[PDB]
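Student: Take a look at this one; I'll ask things after.
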Protein chains: 4
Amino acid sequence: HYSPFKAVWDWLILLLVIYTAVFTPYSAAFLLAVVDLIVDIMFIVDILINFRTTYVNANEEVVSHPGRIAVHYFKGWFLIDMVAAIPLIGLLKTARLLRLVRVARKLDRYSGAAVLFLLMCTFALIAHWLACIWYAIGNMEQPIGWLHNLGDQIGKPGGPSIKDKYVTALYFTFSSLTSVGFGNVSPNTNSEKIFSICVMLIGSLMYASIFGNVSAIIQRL
Amino acid sequence: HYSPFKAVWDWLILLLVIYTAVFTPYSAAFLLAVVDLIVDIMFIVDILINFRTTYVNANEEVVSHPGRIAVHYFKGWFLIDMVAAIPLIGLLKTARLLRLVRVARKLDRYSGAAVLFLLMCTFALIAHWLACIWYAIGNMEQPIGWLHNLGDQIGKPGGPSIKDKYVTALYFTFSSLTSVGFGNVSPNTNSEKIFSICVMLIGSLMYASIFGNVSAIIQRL
Amino acid sequence: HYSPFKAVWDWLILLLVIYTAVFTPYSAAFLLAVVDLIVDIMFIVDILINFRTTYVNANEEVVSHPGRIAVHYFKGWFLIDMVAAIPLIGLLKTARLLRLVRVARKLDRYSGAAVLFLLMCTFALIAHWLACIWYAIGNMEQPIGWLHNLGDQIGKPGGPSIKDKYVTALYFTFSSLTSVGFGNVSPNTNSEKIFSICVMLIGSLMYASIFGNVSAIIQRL
Amino acid sequence: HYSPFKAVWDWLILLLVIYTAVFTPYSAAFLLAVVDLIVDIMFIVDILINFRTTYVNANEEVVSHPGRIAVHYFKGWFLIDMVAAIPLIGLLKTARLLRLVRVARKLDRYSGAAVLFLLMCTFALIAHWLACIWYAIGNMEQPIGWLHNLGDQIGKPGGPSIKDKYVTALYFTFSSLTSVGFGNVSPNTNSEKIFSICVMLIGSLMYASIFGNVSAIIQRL
Ligand SMILES: [K+]
Ligand SMILES: [K+]
C-alpha cells in the first residue's frame, strides 16, 4: 500500500474516479466512445489488488500469508464495492457513482499543494451535478419555463444544441453558486423557484465554507 | 430540570416552539387543520411543569417543599407567559409569538453539532418573517407594484395561487438576503424601495454575522 | 474637558455634527425650516468653550490662568474652525462640512457598544454622499440617462417627486455598495459607467473593510 | 543596488514598467504619441546598469573588478531581457510584456504603506487584461453577441466610439470580478458564456484572495 507502484496507481485510480464521477451523470441525464471498459474493469482490478495488497490492523503491522485480510475487507465493506463493479431502464449505471467511496478512505494520501486543485475540482463537480439536476428539471417539467426563454436568447426555439443546453446550465449554476446573477437566466416557474431557494441556501453554505478554507490555505502558504 | 423526561420534553417544547414560530405569522398574514389545541394547551402544561419542577437559586440548590419557587417564577416572569397561554379582529394570536421567550432561557441546553442546524433554521425563520412582511406590504399598498408584475411573469393576473405568492416572496427574501438579485423580482414603488433599503442593510448585517459564525464553527470542527 | 456637563455637551455636539453632515449636502445639491441658527451659533458657542475649557499639554496637566491655551488653540487649528463658523452662488455653505474635523480629535470619547452604531451610521453617511453625487451627475449631464428611465419605471416622465428621486438614488447606492444590483436601476451613459466603476472599486474597498471590522467587533463580544 | 540614485531609479523603472504593462495590451488589441522610445531605450539603459551595478552572491558581498558578474547575469537570465529590449504582423510587441519579470526580482524593495496601492493596481491590471480579452472576443467572434446589444443600449449601432467600447468592457470586467452583475451587459453567445464561466471562477479565486489579504493588511495596521 506504500510502494511507488501502489502510490502512482492510486493517484491513477483517483484520476479515473474523477473521470467516472464527471462522466456518468452527464451521459446519464443528457443522452437519453468505447472508453468505458478500460475503467469498468480497472475498478475490479483495483478490487483484486485490495485483496492481494498489504494492510495494517488496529495495532498489527503488515502480516504474511495474505488470506487473513480478504474476509476482513469483506467484513468492512465489499458489497458496495462489488455492486459498483457490476455492468429497459438501465439507469442503474448511476450506482457507479459509489466509486466516490474509493476516495473516502485514502485521503491521507492527499491531505496544501494539491488541496487547492482538489477544492477547485470539487467545486466544479458540485457545479456539474447541480447543472445536471437543473437540466433534468427543465426537461421533465412539461405540461413558460427557462428553456423556452433560452430558445429566444439564442435564436433556436426544433431544439438548441446539446453543447449549448449544457454550457448554459453550467453558466447558471456558477452564477447562483458565486452570487452574481447576470439575469440572462431567470427561474420563473414554481419548481424552478423552489430549486433556486435550495441552491441559494446550498451556495451560502458551500461557497462560504470552501472559500474560507481556501483563504486559510493561502494564509498558511 | 435535568431528568431524561425533562430533557426530551424540553427538546419537544423547542420543536413545537419552532412549529408555532413558523406557523403563526404564516396563517396570520396569508389567510385573511385542527392541530392548534395540542400545542396551545401543551404550553400551559409546560407552565404547570415550571410550577412543579425543581430549580437552583443564585447559590441555593434544589429545595424540597415545592411552593417557594412558584411565587418566585411569578416574580421573575409569568404574566408574559400567561398572556402567551391564552386563546372582530382576533389578530391578538400574534401574541403567541412571545413563546420565543421560551427558548431564551434554556440556551444552555443547546450551546456545535446542533448550532449549525439552529443557525440555518434561524436564517430560515428570518427569511419567513421578512417574506411575510413583504407579502403584507404588497397586499396593503393599493390605491405598478410587484404583484402586478408577478401576474405577468406567471400568466395569472383573478389572482395567483397562494403557494405561488408565498414561494415567490420567500425566493425574493432569500435573494435580497444572500445578495444575488436575479432580477425577475424588482422593487418598483416607493414603499417597496424603502423596504428594500432596510432589508439590504439588515442583510449586510445578519448574512455577514451568522456566516462569520458558521465559518468559525467549521474552523472549530 | 471631563465634567459631566462637558461630556454630555460633547455627545450633543457629535449629535448635531451628524445633523449638519447629513443635512448640508442634501439641501446643497437637491434644493436648487428655520432650525439652522440653533446649531450655526452652537458651533461658535463650542468655539468659545474650547477657548475657556481646560486642556492637557504634551506632559503638562491642566493649568490655571486660562489665557495660555487660547493662542495655543489658534496655533494648532482655529482658522478652519472659524471659516466653519461663518454664515449669487452661496454654495460656500459646503464649507460647513469642515465640522467633521470636530469629531476627528475627540475619538477617545467613543473608542464597542457605540462603535457598531457609529459604523452603521458612517456607512449611511457614505451612502448619502454618494447618492448626492449620483443625483448631481444625473441632473447635470444633459445635452438616454438613468432619470429618463426612472421616468418610465415610475409613471412620471414634468418631473418625479423629490422624495422619489432621492429614495431611488439611495436605493441604488446601497445596491452598488452591498453588491446586489437588482437591475431596475442601470448605468447606461458614459459618465454614469465611469462613476459605476469608481463606486464598485470604493465598494469592494469599504464594504469589505467596515464589515471585517464589524465581524471583529462581534467576535470580541 | 542600494544608492539613493539606484533606489529612486528603481522606483522609476517600476513606474514605467506599470506604464508599459498598461499601455501595450491596450494599443495591441484596440488600435488595429511618440512616447515609446523614451522607455524602450530606458529598458536597455537598465540592462547596462544591471551590467555595471554591484551585487551580492550566495554568500559573497559586493566585489570589485566589475566583470565577474556580467557573465553571471547572462547565465541567470539575459536572453528574455534582451528579447524584451528589442524593437506584416508586428504583434511581437506583446513580448514587451516580459518586462513584468523586471518587478519579480526586486520585491524586497516594496514588501504595508505601498502594498495597498500595489494590490489595488494589480486588481486594476487584471481588470484591464480581462477587458482586453473580452474586447478581442467580441470583435473576433463574427459569422447576436454583446456588442450588437451595446449598439442599442447606446444609440450607436457605423460603430460606437472606442472610448465607449473600452469603458463598457472595463465596467463589465469590474462587474464580473466584484460579483454585482448590473445586467446591462449580458453574455449571450456560447464563447461569451464559456469566458463568463472562466471569469467567474477566476473572480471567486482572486477577488477573494486579494481582499482577504487587504483585510489582513488593515488588521495589521
Ligand atoms: K451579487
Ligand atoms: K445581480
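Here, A, B, ... name the chains of the C-alpha cells in the order displayed, residue numbers run from 1 inside each chain, and ligands are numbered from 1 in the same displayed order.
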So which residues are near ligand 2, meaning at most 6 Å away with only C-alpha atoms and all ligand atoms counted, given back as a PyMOL selection string?

Tutor: (chain A and resi 180-182) or (chain B and resi 180-182) or (chain C and resi 180-182) or (chain D and resi 180-182)

Student: What residues have any atom no more than 12 Å from ligand 1 when counting only C-alpha atoms and all ligand atoms, and can you list them as a CSV table (one decimal) with N, CA and C atoms, in the first residue's frame?

Tutor:
chain,number,residue,atom,x,y,z
A,175,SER,N,-23.3,30.9,-11.7
A,175,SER,CA,-23.9,32.2,-11.3
A,175,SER,C,-24.5,32.1,-9.9
A,176,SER,N,-25.4,31.2,-9.8
A,176,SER,CA,-26.1,31.0,-8.5
A,176,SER,C,-25.2,30.6,-7.4
A,177,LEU,N,-24.1,29.9,-7.7
A,177,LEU,CA,-23.2,29.5,-6.6
A,177,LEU,C,-22.3,30.6,-6.2
A,178,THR,N,-21.8,31.5,-7.1
A,178,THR,CA,-20.9,32.5,-6.8
A,178,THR,C,-21.6,33.9,-6.6
A,179,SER,N,-22.9,33.9,-6.6
A,179,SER,CA,-23.7,35.0,-6.2
A,179,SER,C,-23.5,36.3,-7.1
A,180,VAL,N,-23.7,36.1,-8.4
A,180,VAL,CA,-23.6,37.2,-9.3
A,180,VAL,C,-25.0,37.4,-10.0
A,181,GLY,N,-25.5,36.4,-10.6
A,181,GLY,CA,-26.9,36.5,-11.1
A,181,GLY,C,-27.0,37.5,-12.3
A,182,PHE,N,-26.4,37.2,-13.4
A,182,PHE,CA,-26.4,38.1,-14.6
A,182,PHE,C,-27.8,38.4,-15.1
A,183,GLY,N,-28.8,37.6,-14.9
A,183,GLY,CA,-30.1,37.9,-15.3
A,183,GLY,C,-30.5,37.4,-16.6
A,200,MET,N,-29.7,28.5,-3.6
A,200,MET,CA,-29.1,29.7,-2.9
A,200,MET,C,-28.7,29.4,-1.5
A,204,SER,N,-24.9,29.8,-0.2
A,204,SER,CA,-24.5,30.4,1.0
A,204,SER,C,-23.7,29.5,2.0
B,175,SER,N,-33.1,36.0,-2.0
B,175,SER,CA,-32.3,36.7,-3.0
B,175,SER,C,-31.7,37.9,-2.3
B,176,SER,N,-32.5,38.8,-1.7
B,176,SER,CA,-32.0,40.0,-1.1
B,176,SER,C,-31.1,39.7,0.1
B,177,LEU,N,-31.4,38.6,0.8
B,177,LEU,CA,-30.5,38.3,2.0
B,177,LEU,C,-29.2,37.8,1.6
B,178,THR,N,-29.1,37.0,0.5
B,178,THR,CA,-27.9,36.3,0.1
B,178,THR,C,-27.2,37.1,-1.0
B,179,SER,N,-27.7,38.2,-1.4
B,179,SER,CA,-27.0,39.2,-2.3
B,179,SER,C,-26.8,38.6,-3.7
B,180,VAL,N,-27.9,38.2,-4.3
B,180,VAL,CA,-27.8,37.7,-5.7
B,180,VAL,C,-28.6,38.5,-6.6
B,181,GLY,N,-29.9,38.7,-6.3
B,181,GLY,CA,-30.7,39.6,-7.1
B,181,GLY,C,-30.9,39.2,-8.5
B,182,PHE,N,-31.7,38.1,-8.7
B,182,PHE,CA,-31.8,37.5,-10.1
B,182,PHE,C,-32.5,38.5,-11.0
B,183,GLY,N,-33.3,39.4,-10.5
B,183,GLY,CA,-33.9,40.4,-11.3
B,183,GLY,C,-35.3,40.1,-11.8
B,200,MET,N,-31.7,45.4,2.6
B,200,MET,CA,-30.3,45.3,2.2
B,200,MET,C,-29.4,45.6,3.4
B,204,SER,N,-26.8,42.9,4.9
B,204,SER,CA,-25.3,43.2,5.1
B,204,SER,C,-25.0,43.0,6.6
C,175,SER,N,-27.5,49.5,-3.3
C,175,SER,CA,-27.3,48.3,-4.2
C,175,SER,C,-25.8,48.1,-4.6
C,176,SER,N,-25.2,49.2,-5.2
C,176,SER,CA,-23.9,49.1,-5.6
C,176,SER,C,-22.9,48.9,-4.5
C,177,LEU,N,-23.2,49.4,-3.3
C,177,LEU,CA,-22.3,49.3,-2.1
C,177,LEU,C,-22.3,47.9,-1.6
C,178,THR,N,-23.5,47.2,-1.5
C,178,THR,CA,-23.6,45.9,-0.9
C,178,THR,C,-23.7,44.8,-2.0
C,179,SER,N,-23.4,45.1,-3.2
C,179,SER,CA,-23.1,44.1,-4.3
C,179,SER,C,-24.3,43.2,-4.5
C,180,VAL,N,-25.5,43.8,-4.8
C,180,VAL,CA,-26.7,43.1,-5.2
C,180,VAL,C,-27.1,43.4,-6.6
C,181,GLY,N,-27.3,44.7,-6.9
C,181,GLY,CA,-27.6,45.0,-8.3
C,181,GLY,C,-28.9,44.5,-8.8
C,182,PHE,N,-30.0,45.0,-8.3
C,182,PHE,CA,-31.3,44.5,-8.6
C,182,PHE,C,-31.7,44.6,-10.1
C,183,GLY,N,-31.1,45.6,-10.8
C,183,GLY,CA,-31.3,45.8,-12.2
C,183,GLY,C,-32.3,46.8,-12.6
C,200,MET,N,-17.9,50.9,-7.7
C,200,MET,CA,-17.6,49.4,-7.5
C,200,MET,C,-16.3,49.2,-6.8
C,204,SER,N,-15.9,47.5,-3.1
C,204,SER,CA,-15.0,46.5,-2.8
C,204,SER,C,-14.0,46.8,-1.7
D,175,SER,N,-17.6,44.4,-13.0
D,175,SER,CA,-18.9,43.8,-12.5
D,175,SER,C,-18.7,42.3,-12.2
D,176,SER,N,-18.2,41.6,-13.2
D,176,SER,CA,-18.0,40.1,-13.0
D,176,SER,C,-16.9,39.8,-11.9
D,177,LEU,N,-15.9,40.7,-11.8
D,177,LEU,CA,-14.9,40.5,-10.8
D,177,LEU,C,-15.4,40.7,-9.4
D,178,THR,N,-16.2,41.7,-9.2
D,178,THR,CA,-16.7,42.1,-7.9
D,178,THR,C,-18.1,41.6,-7.6
D,179,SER,N,-18.6,40.8,-8.4
D,179,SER,CA,-19.9,40.0,-8.2
D,179,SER,C,-21.1,40.9,-7.9
D,180,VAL,N,-21.4,41.7,-8.9
D,180,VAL,CA,-22.5,42.6,-8.8
D,180,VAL,C,-23.5,42.3,-10.0
D,181,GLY,N,-23.0,42.4,-11.2
D,181,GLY,CA,-23.8,42.0,-12.3
D,181,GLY,C,-25.0,42.8,-12.6
D,182,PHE,N,-24.8,44.1,-13.0
D,182,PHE,CA,-25.9,45.0,-13.1
D,182,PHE,C,-26.9,44.6,-14.2
D,183,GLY,N,-26.5,43.8,-15.1
D,183,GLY,CA,-27.4,43.2,-16.1
D,183,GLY,C,-27.5,44.0,-17.4
D,200,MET,N,-15.9,34.0,-13.9
D,200,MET,CA,-16.5,33.8,-12.6
D,200,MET,C,-15.6,33.0,-11.7
D,204,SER,N,-14.1,34.4,-8.2
D,204,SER,CA,-14.2,33.7,-6.9
D,204,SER,C,-12.8,33.4,-6.3

Student: Enumerate, in order of chain and increasing residue number, the residues of chain B with an atom no farther than 12 Å from chain A, each with its shortest atom pair and distance in Å to one decimal, counting only C-alpha atoms, as JSON lines.

Tutor:
{"residue": "B:116", "atom": "CA", "partner": "A:205", "partner_atom": "CA", "distance": 10.5}
{"residue": "B:117", "atom": "CA", "partner": "A:205", "partner_atom": "CA", "distance": 11.6}
{"residue": "B:119", "atom": "CA", "partner": "A:205", "partner_atom": "CA", "distance": 11.2}
{"residue": "B:120", "atom": "CA", "partner": "A:201", "partner_atom": "CA", "distance": 8.8}
{"residue": "B:121", "atom": "CA", "partner": "A:201", "partner_atom": "CA", "distance": 11.1}
{"residue": "B:123", "atom": "CA", "partner": "A:201", "partner_atom": "CA", "distance": 9.7}
{"residue": "B:124", "atom": "CA", "partner": "A:201", "partner_atom": "CA", "distance": 9.4}
{"residue": "B:127", "atom": "CA", "partner": "A:197", "partner_atom": "CA", "distance": 10.9}
{"residue": "B:150", "atom": "CA", "partner": "A:188", "partner_atom": "CA", "distance": 9.6}
{"residue": "B:151", "atom": "CA", "partner": "A:188", "partner_atom": "CA", "distance": 11.7}
{"residue": "B:152", "atom": "CA", "partner": "A:188", "partner_atom": "CA", "distance": 10.6}
{"residue": "B:153", "atom": "CA", "partner": "A:188", "partner_atom": "CA", "distance": 6.9}
{"residue": "B:154", "atom": "CA", "partner": "A:188", "partner_atom": "CA", "distance": 7.3}
{"residue": "B:155", "atom": "CA", "partner": "A:144", "partner_atom": "CA", "distance": 8.5}
{"residue": "B:156", "atom": "CA", "partner": "A:144", "partner_atom": "CA", "distance": 11.9}
{"residue": "B:160", "atom": "CA", "partner": "A:190", "partner_atom": "CA", "distance": 11.6}
{"residue": "B:161", "atom": "CA", "partner": "A:190", "partner_atom": "CA", "distance": 10.7}
{"residue": "B:162", "atom": "CA", "partner": "A:190", "partner_atom": "CA", "distance": 11.6}
{"residue": "B:163", "atom": "CA", "partner": "A:190", "partner_atom": "CA", "distance": 8.8}
{"residue": "B:164", "atom": "CA", "partner": "A:190", "partner_atom": "CA", "distance": 6.7}
{"residue": "B:165", "atom": "CA", "partner": "A:190", "partner_atom": "CA", "distance": 9.9}
{"residue": "B:166", "atom": "CA", "partner": "A:190", "partner_atom": "CA", "distance": 10.4}
{"residue": "B:167", "atom": "CA", "partner": "A:194", "partner_atom": "CA", "distance": 7.2}
{"residue": "B:168", "atom": "CA", "partner": "A:193", "partner_atom": "CA", "distance": 7.1}
{"residue": "B:169", "atom": "CA", "partner": "A:193", "partner_atom": "CA", "distance": 10.3}
{"residue": "B:170", "atom": "CA", "partner": "A:197", "partner_atom": "CA", "distance": 7.9}
{"residue": "B:171", "atom": "CA", "partner": "A:197", "partner_atom": "CA", "distance": 5.8}
{"residue": "B:172", "atom": "CA", "partner": "A:197", "partner_atom": "CA", "distance": 9.0}
{"residue": "B:173", "atom": "CA", "partner": "A:197", "partner_atom": "CA", "distance": 9.6}
{"residue": "B:174", "atom": "CA", "partner": "A:197", "partner_atom": "CA", "distance": 6.8}
{"residue": "B:175", "atom": "CA", "partner": "A:200", "partner_atom": "CA", "distance": 7.7}
{"residue": "B:176", "atom": "CA", "partner": "A:200", "partner_atom": "CA", "distance": 10.8}
{"residue": "B:177", "atom": "CA", "partner": "A:200", "partner_atom": "CA", "distance": 9.9}
{"residue": "B:178", "atom": "CA", "partner": "A:204", "partner_atom": "CA", "distance": 6.8}
{"residue": "B:179", "atom": "CA", "partner": "A:179", "partner_atom": "CA", "distance": 6.6}
{"residue": "B:180", "atom": "CA", "partner": "A:179", "partner_atom": "CA", "distance": 4.9}
{"residue": "B:181", "atom": "CA", "partner": "A:181", "partner_atom": "CA", "distance": 6.4}
{"residue": "B:182", "atom": "CA", "partner": "A:181", "partner_atom": "CA", "distance": 5.2}
{"residue": "B:183", "atom": "CA", "partner": "A:183", "partner_atom": "CA", "distance": 6.0}
{"residue": "B:184", "atom": "CA", "partner": "A:186", "partner_atom": "CA", "distance": 6.4}
{"residue": "B:185", "atom": "CA", "partner": "A:186", "partner_atom": "CA", "distance": 9.9}
{"residue": "B:186", "atom": "CA", "partner": "A:183", "partner_atom": "CA", "distance": 11.8}
{"residue": "B:207", "atom": "CA", "partner": "A:204", "partner_atom": "CA", "distance": 9.0}
{"residue": "B:208", "atom": "CA", "partner": "A:208", "partner_atom": "CA", "distance": 10.5}
{"residue": "B:210", "atom": "CA", "partner": "A:204", "partner_atom": "CA", "distance": 10.8}
{"residue": "B:211", "atom": "CA", "partner": "A:208", "partner_atom": "CA", "distance": 7.7}
{"residue": "B:212", "atom": "CA", "partner": "A:208", "partner_atom": "CA", "distance": 9.1}
{"residue": "B:213", "atom": "CA", "partner": "A:209", "partner_atom": "CA", "distance": 11.2}
{"residue": "B:214", "atom": "CA", "partner": "A:209", "partner_atom": "CA", "distance": 8.3}
{"residue": "B:215", "atom": "CA", "partner": "A:209", "partner_atom": "CA", "distance": 6.3}
{"residue": "B:216", "atom": "CA", "partner": "A:212", "partner_atom": "CA", "distance": 9.6}
{"residue": "B:217", "atom": "CA", "partner": "A:209", "partner_atom": "CA", "distance": 10.2}
{"residue": "B:218", "atom": "CA", "partner": "A:209", "partner_atom": "CA", "distance": 7.5}
{"residue": "B:219", "atom": "CA", "partner": "A:213", "partner_atom": "CA", "distance": 8.5}

Student: Pick out the residues sitting within 8 Å of region 88-105 of chain A, and hand them over as a VMD selection string; count only C-alpha atoms, and ignore anything fewer than 5 positions along from it in its own chain.

Tutor: chain A and resid 14 17 20 to 21 24 to 25 28 80 to 81 83

Student: Which residues are near residue 85 (chain D)? Cut-off 10 Å, only C-alpha atoms, ignore same chain within fewer than 6 positions. Put them as a list in words.

Tutor: residues 39, 40, 41, 42, 43, 44, 45, 46, 47, 79, 95, 96, 98 and 99 of chain D

Student: So which residues touch region 61-75 of chain C within 12 Å, counting only C-alpha atoms, skipping near sequence neighbours fewer than 2 positions away, as a list in words?

Tutor: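 So the residues in contact are residues 1, 2, 47, 48, 49, 50, 51, 52, 53, 54, 55, 56, 57, 58, 59, 77, 78, 79, 80, 81 and 82 of chain C.
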
Student: Pick out the residues sitting within 8 Å of residue 135 (chain A), and hand them over as a PyMOL selection string; count only C-alpha atoms, and ignore anything fewer than 2 positions along from it in its own chain.

Tutor: chain A and resi 29-30+131-133+137-139+165-166+169

Student: Would you export the selected residues with N, CA, C and O atoms as an mmCIF file, in the first residue's frame, please?

Tutor:
data_model
loop_
_atom_site.group_PDB
_atom_site.id
_atom_site.type_symbol
_atom_site.label_atom_id
_atom_site.label_comp_id
_atom_site.auth_asym_id
_atom_site.auth_seq_id
_atom_site.Cartn_x
_atom_site.Cartn_y
_atom_site.Cartn_z
ATOM 1 N N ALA A 29 -27.982 11.733 -17.756
ATOM 2 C CA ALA A 29 -29.132 12.626 -17.797
ATOM 3 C C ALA A 29 -29.196 13.503 -19.039
ATOM 4 O O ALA A 29 -30.197 14.205 -19.221
ATOM 5 N N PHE A 30 -28.177 13.490 -19.903
ATOM 6 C CA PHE A 30 -28.194 14.328 -21.092
ATOM 7 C C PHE A 30 -28.370 13.564 -22.394
ATOM 8 O O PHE A 30 -28.744 14.176 -23.399
ATOM 9 N N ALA A 131 -25.936 21.403 -12.267
ATOM 10 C CA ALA A 131 -26.369 21.682 -13.630
ATOM 11 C C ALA A 131 -27.093 20.484 -14.222
ATOM 12 O O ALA A 131 -28.063 20.641 -14.971
ATOM 13 N N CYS A 132 -26.639 19.278 -13.888
ATOM 14 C CA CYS A 132 -27.340 18.072 -14.309
ATOM 15 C C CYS A 132 -28.768 18.061 -13.773
ATOM 16 O O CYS A 132 -29.723 17.792 -14.511
ATOM 17 N N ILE A 133 -28.922 18.342 -12.479
ATOM 18 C CA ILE A 133 -30.252 18.370 -11.870
ATOM 19 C C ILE A 133 -31.114 19.448 -12.514
ATOM 20 O O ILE A 133 -32.311 19.250 -12.758
ATOM 21 N N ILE A 137 -34.638 18.916 -14.469
ATOM 22 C CA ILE A 137 -35.870 19.617 -14.117
ATOM 23 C C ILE A 137 -36.440 20.344 -15.327
ATOM 24 O O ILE A 137 -37.628 20.220 -15.645
ATOM 25 N N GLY A 138 -35.607 21.133 -16.008
ATOM 26 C CA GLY A 138 -36.069 21.881 -17.161
ATOM 27 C C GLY A 138 -36.515 21.014 -18.316
ATOM 28 O O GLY A 138 -37.222 21.497 -19.207
ATOM 29 N N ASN A 139 -36.114 19.744 -18.331
ATOM 30 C CA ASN A 139 -36.597 18.833 -19.358
ATOM 31 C C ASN A 139 -37.829 18.053 -18.919
ATOM 32 O O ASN A 139 -38.698 17.766 -19.749
ATOM 33 N N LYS A 165 -27.206 23.775 -24.493
ATOM 34 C CA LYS A 165 -28.070 23.499 -23.353
ATOM 35 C C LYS A 165 -27.316 22.947 -22.157
ATOM 36 O O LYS A 165 -27.902 22.846 -21.077
ATOM 37 N N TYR A 166 -26.055 22.568 -22.314
ATOM 38 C CA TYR A 166 -25.254 22.225 -21.149
ATOM 39 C C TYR A 166 -24.377 23.370 -20.679
ATOM 40 O O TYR A 166 -24.207 23.557 -19.467
ATOM 41 N N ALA A 169 -26.526 25.727 -18.664
ATOM 42 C CA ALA A 169 -26.831 25.225 -17.330
ATOM 43 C C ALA A 169 -25.626 25.349 -16.410
ATOM 44 O O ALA A 169 -25.767 25.724 -15.239
#

Student: Could you jot down the CA of residue 19 (chain B) to CA of residue 37 (chain B) separation for me, Å, one decimal place?

Tutor: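 Here the two named atoms are 12.9 Å from each other.
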
Student: In Å to one decimal, how far is CA of residue 146 (chain B) from CA of residue 149 (chain C)?

Tutor: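 Rounded to one decimal, the two atoms are 17.6 Å apart.
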